[PDB]
Ligand SMILES: [Cl-]
Ligand SMILES: [Cl-]
Ligand SMILES: [Zn+2]
Ligand SMILES: [Zn+2]
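In the authors' numbering, the protein residues as written are 0 to 271.
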């Protein structure tokens, strides 16, 4: 059916909360992928756990992996001087491990952030990121309490900011933005989508009520239409990276074998 080069798949570290960085990298190489994402919200609380930057670089190189992003700055949108320090720390982390991009997430507490303020934040962060030679990925969050839910509108703000940043399209967040399908096909710029985050939800609770805890991997029981969201991207010309990003606490109970199975099962579902 769909011909997606295996090379284009990326494994986000959220899938493996119980694995050290070397165990995680070794698994991804065993599965013959060459892309990962690291994160500052693992149990360790550190992008590199207790390792230094050099150790992490050597590991990535030992297992032939590109670290594609770090997740994530929050809230990029409410750029106080604490948030700037928190971002500078993450920019060092990205530069040090050899990460290409750092992910930016909008305020998500039910409070309005005006588009003028978001644009100003993108401008300031674009200048700051350039200083570390890191790419920025703006990820809209679909929650009703999110200050920035539309990928289309996010792309517009980036243009107004004159920024090289791109949008991170997350299929869960698209699914929760329930006004999303109206504009999408006509208004989205595929070339300005820098990464895609995939995960499935089988949970049949109302879409309004869905949270990250329901986000598992891709099955036939998936409620969010990932196959169709991916098929559309392919048809509209997307040649970028698909990264698997589950969040559920069910993940912690998975062995290294079970993790390998779910990544294989998810990939196979897309190529069927
Ligand atoms: Cl600027
Ligand atoms: Cl500026
Ligand atoms: Zn500027
Ligand atoms: Zn995501």
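Positions of the beta carbon are idealized from the N, C-alpha and C atoms, including for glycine.
For a test of your reading of the model: does the CB of residue 273 fall under 6 Å from any non-hydrogen atom of ligand 4? Yes or no. One cannot answer for residue 273 here, as it falls past the ends of the chain, which runs 0 to 271.
Residue(s) in a DSSP beta bridge with residue 165: In the chain shown, the residue the question calls residue 165 occupies position 166. For residue 165, which the question treats as bridged, DSSP gives the partners 136.
Cβ-Cβ separation, residue 173 to residue 285 (assumed contact under 8 Å), whole Å: The structure shown has nothing for residue 285, since the chain only spans 0 to 271.
Compute the Euclidean distance between the alpha carbons of residue 273 and residue 146, then round it to the nearest angstrom. What is shown of the chain runs 0 to 271, which leaves residue 273 out entirely.
Any idea which residues DSSP pairs residue 196 with across the strands? Along the chain shown, read from residue 1 onward, the residue named residue 196 stands at position 197. The partner list for residue 196 (beta bridge, DSSP) reads 169, 242.
Between residue 34 and residue 65, which are expected to be in contact by the criterion C-beta below 8 Å, what is the C-beta distance as a whole number of angstroms? In the chain shown, residue 34 corresponds to position 35, counting from 1. In the chain shown, residue 65 corresponds to position 66, counting from 1. Between residue 65 and residue 34 the Cβ distance is about 5 Å, and since that is below 8 Å, they are a contact.
By how many angstroms is the C-alpha of residue 191 removed from the C-alpha of residue 237? For the purposes of this step, residue 237 is taken as residue 238 along the chain shown, with counting starting at 1. For the purposes of this step, residue 191 is taken as residue 192 along the chain shown, with counting starting at 1. Those two C-alpha atoms are separated by around 10 Å.
According to DSSP, what are the bridge partners of residue 68? Reading the chain shown from its first residue, position 69 is the one you call residue 68. According to DSSP, which records beta bridges pairwise, residue 68 is partnered with 36, 100.
Between the alpha carbons of residue 182 and residue 176, how many angstroms are there, rounded? The count along the chain shown starts at 1 and reaches residue 182 at position 183. The count along the chain shown starts at 1 and reaches residue 176 at position 177. When rounded, the distance between both Cα atoms is 12 Å.
Using a threshold of 6 Å, is the CB atom of residue 81 nearer than that to any non-hydrogen atom of ligand 4? Stepping through the chain shown from its first residue, residue 81 is reached at position 82. Because no heavy atom of ligand 4 lies under 6 Å away, the Cβ of residue 81 does not count as near it: no.
If we count the other Cβ atoms within 10 Å of its Cβ and call it buried at 16 or more, is residue 144 buried or exposed? Stepping through the chain shown from its first residue, residue 144 is reached at position 145. That one is exposed.
Under 7 Å, CB to any heavy atom of ligand 1. Which residues pass, going along the chain? Cβ-based neighbours of ligand 1 within the cut-off: 122, 125, 126, 160, 161, 162.
Taking 6 Å as the cut-off, is the beta-carbon of residue 244 closer than that to any non-hydrogen atom of ligand 6? In terms of ligand content, the structure shown lacks ligand 6 and carries ligand 1, ligand 2, ligand 3 and ligand 4 instead.
Where residue 75 sits in the DSSP three-state scheme: In the chain shown, counting from the first residue as 1, residue 75 sits at position 76. Residue 75: coil per DSSP, three-state reduction.
When you compare only the Cα positions, how much space is there between residue 133 and residue 159? For the purposes of this step, residue 133 is taken as the residue at position 134 of the chain shown. For the purposes of this step, residue 159 is taken as the residue at position 160 of the chain shown. Here the C-alpha atom of residue 133 lies approximately 20 Å from the C-alpha atom of residue 159.
To the nearest angstrom, how far is the alpha carbon of residue 332 from that of residue 226? Limits of the chain in this structure are 0 at one end and 271 at the other, which puts residue 332 out of reach.
From the DSSP secondary-structure annotation, give me the bridge partner or partners of residue 57. To locate residue 57, count along the chain shown from 1; it is residue 58. None; residue 57 has no bridge partner.
So, are the CB atoms of residue 170 and residue 213 less than 7 Å apart? By 1-based counting over the chain shown, the position of residue 170 is 171. By 1-based counting over the chain shown, the position of residue 213 is 214. No, they are not a contact pair.
Cβ neighbour criterion (16 or more within 10 Å) applied to residue 198: Within the chain shown, residue 198 is the residue found at index 199, counting from 1. Residue environment analysis places residue 198 among the buried positions, since at least 16 neighbouring C-beta atoms fall within 10 angstroms of its C-beta.
Helix, strand or coil: how does DSSP classify residue 8 here? Position 9 of the chain shown holds residue 8. Residue 8 falls in the strand class under three-state DSSP.
Nearest by alpha-carbon distance to residue 74: which of 68, 86, 234, 63 is it? Walking along the chain shown from the start, residue 74 turns up at place 75. Put simply, of 68, 86, 234, 63 the residue whose alpha carbon is nearest the alpha carbon of residue 74 is 86.
Three-state secondary structure (DSSP) at residue 157? For the purposes of this step, residue 157 is taken as residue 158 along the chain shown, with counting starting at 1. Residue 157: helix per DSSP, three-state reduction.
Is any heavy atom of ligand 4 found at a distance shorter than 6 Å from the C-beta of residue 169? Taking the chain shown and counting its residues from 1, one reaches residue 169 at position 170. Yes.
Restricting to Cα atoms, I'd like to know which of 242, 138, 4, 201 is closest to residue 72. Taking the first residue of the chain shown as 1, we reach residue 72 at position 73. Taking only the C-alpha atoms, the option nearest residue 72 is 138.
Beta bridge counterpart(s) of residue 215 as assigned by DSSP: Here residue 215 corresponds to residue number 216 of the chain shown, with the count starting at 1. Answer is 199, bridged to residue 215.
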